[PDB]
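The chain below stands alone and is given in structure tokens; this is the form deposited in one PDB entry.
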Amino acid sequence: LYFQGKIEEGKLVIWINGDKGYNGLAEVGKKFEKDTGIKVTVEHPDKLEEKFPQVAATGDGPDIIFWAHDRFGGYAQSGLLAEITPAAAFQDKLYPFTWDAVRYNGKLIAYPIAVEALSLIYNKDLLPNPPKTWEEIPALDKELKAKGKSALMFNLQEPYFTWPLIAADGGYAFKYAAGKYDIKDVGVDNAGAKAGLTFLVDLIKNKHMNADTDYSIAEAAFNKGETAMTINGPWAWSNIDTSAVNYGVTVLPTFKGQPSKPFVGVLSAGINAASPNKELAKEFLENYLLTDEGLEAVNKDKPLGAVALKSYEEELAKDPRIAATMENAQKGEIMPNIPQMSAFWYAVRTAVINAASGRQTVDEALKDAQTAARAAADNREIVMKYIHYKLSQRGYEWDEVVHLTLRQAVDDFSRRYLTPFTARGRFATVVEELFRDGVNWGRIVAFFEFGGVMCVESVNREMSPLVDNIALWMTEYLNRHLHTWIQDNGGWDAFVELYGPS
């Protein structure tokens, strides 16, 4: 068990993405180092959000990781983040919905920092008074086309950008009720979602937008003054700052009289569950970063958008672009921190592209996405129930006909036929070789057998967080590379008919 050794125990080590204000955060760290005598190191490793589950599974990695709250759900599932219970006096300093964003299974698992959502960005010279409604955009585009301009260009390829319109009249991902998501209630193909996507498609059919417009095309057009409006977040502001475009930021247009509902991301600071510096990290976050002066140093370097600290948000909101960011966030929804969200996004991305290109009607595209989002949730449950069963056979405790049919098939298959880093490499190699010459039920059963054996070896070598990493890897592979075959071959019902008793 050599993995129990540590690295750089004497320093407070922070990971934050390279597109944030890490030099400003480093300025906060330098003051903390001077005041405490403990070295603070701010690092911005490429792909740190994927490295953290690997390094933290053996008790290593940074003491503090900064990322959008929704990713912390998968971290907290694996037990990688320290549970915090900050004082009520400190909690009252931040907006209540930001604490909601960092709550997983009823436990606070990070400190909220910043708040960001999409806003309507408009060229003040071209459009001094931007439209309040989606419905008035076609007429506005007609006027601007006569001047060689267009009304609106935003990224149509990623559903993060198109969801605020789809949600406006009633679309939703998973039904959310008092901090809990009903995984069985998906609102992708209801009447409200169809109405929003139909309006988007009509904009393209009537030549007000182009189905091929992506992030690069929309940003280049707006920042060159060719289109009056775009839809984007605070990460895009610095490129417009240095351009000749004089831009404002305002509330998203309404649709059928209802607000556009963007998903809200809360940049948050999680503490490594195995950190030897947990209390130092708590002090850095509570007493140095989450102050007016701490957030200002970060915000100066790179804009945070809105912030979770009420006192500094009130100062920042004197600029209407920040007031607009918070207003759009308040009219939207916290990005769900549940693992079932990844397959939701893949399904909705396909639906928008198919409907916008004309390969499917709005009705068929969203019916496919609804079924895919639900079926991927079912797939996750199959993975979790099997792993729990395989681990229960060995005496390890870990937190209907399909489940019984599959676990007998794996037991039959077994009689006939380690670190987080080496588990990831072995998984990729075995899974690729397993399905190298196609997919069939026998290869899927072998897939579950291989995964369950790896999970047992994980708990044997005293690295139980690796079990959750493996279960996530199996779920992602099932939903991203086996879902199409399963559906086209009769689904899990066909598996039961082949393997179960008749």
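A residue's number is simply how far along the shown sequence it sits, counting from 1. The term rigid core refers to the maximal set of C-alpha atoms that superpose within 1.5 Å between the two forms.
Visitor: With respect to the deposited sequence, is there a break between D125 and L126 in this entry, and if so is it 1 to 3, 4 to 9, or 10 or more residues, or none at all?
Guide: Unmodelled stretch: none, continuous chain.
Visitor: Determine, for stretches 349 to 357 and 142 to 150, which one has the higher mean CA B-factor as deposited.
Guide: The deposited B-factors put 142 to 150 ahead on the C-alpha mean.
Visitor: On mean Cα temperature factor in this entry, is 10 to 18 or 475 to 483 the higher one?
Guide: Stretch with the higher mean C-alpha B-factor: 475 to 483.
Visitor: Of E158, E400, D319, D202, which one's C-alpha B factor is largest in the deposited record?
Guide: Of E158, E400, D319, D202, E400 has the highest C-alpha B-factor.
Visitor: For the listed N379, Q408, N337, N239, which has the peak Cα B-factor recorded in the PDB entry?
Guide: If I rank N379, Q408, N337, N239 by C-alpha B-factor, first place goes to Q408.
Visitor: Hey, what third does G395 fall into on Cα B-factor, ranked over its chain?
Guide: Tercile = highest for this residue's CA B-factor.
Visitor: Which third, lowest, middle or highest, does the C-alpha temperature factor of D182 belong to within its own chain?
Guide: For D182, whose C-alpha B-factor we compare with every modelled residue in the chain, the answer is the highest third.
Visitor: When the modelled residues of the chain are sorted by Cα temperature factor, does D412 land in the lowest, middle or highest third?
Guide: Ranked within chain, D412 CA B lands in the highest tercile.
Visitor: Could you say whether, by C-alpha temperature factor, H69 belongs to the lowest, middle or highest third of its chain?
Guide: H69: CA B-factor falls in the lowest third of its chain.
Visitor: Is the Cα B-factor recorded for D301 in the lowest, middle or highest third of its chain?
Guide: Its C-alpha B-factor belongs to the highest third of this chain's values.
The form deposited in another entry exists for this protein as well; it is not shown, and the discussion that follows is about that form.
Visitor: Of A114, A228, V102, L81, which one's CA moves 2 Å or more between the shown form and the other one, core aligned?
Guide: By this measure, the answer is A228.
Visitor: Does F450 count as moved between the shown form and the other one, where moved means a C-alpha shift of 2 angstroms or more after fitting the rigid core?
Guide: No, its C-alpha moves less than 2 Å.
Visitor: Tell me, please, whether between the shown form and the other one the C-alpha of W67 is shifted by 2 Å or more, with the rigid core used for superposition.
Guide: After core superposition, the displacement of the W67 C-alpha between the shown form and the other one stays below 2 Å, so no.
Visitor: Against the rigid core, is the Cα displacement of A323 between the shown form and the other one at least 2 Å?
Guide: It does not, since the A323 C-alpha is displaced less than 2 Å between the shown form and the other one after the core fit.
Visitor: Say whether the C-alpha atoms of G179 and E327 sit closer together or farther apart in the other entry than in the form shown here, given that their separation changes by 3 Å or more.
Guide: Farther apart, by at least 3 Å.
Visitor: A244 and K302: their C-alpha distance differs by 3 angstroms or more in the other entry. Do they come closer or move farther apart compared with the shown form?
Guide: Relative to the displayed form, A244 and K302 draw closer in the other entry - a change of at least 3 Å between their C-alphas.
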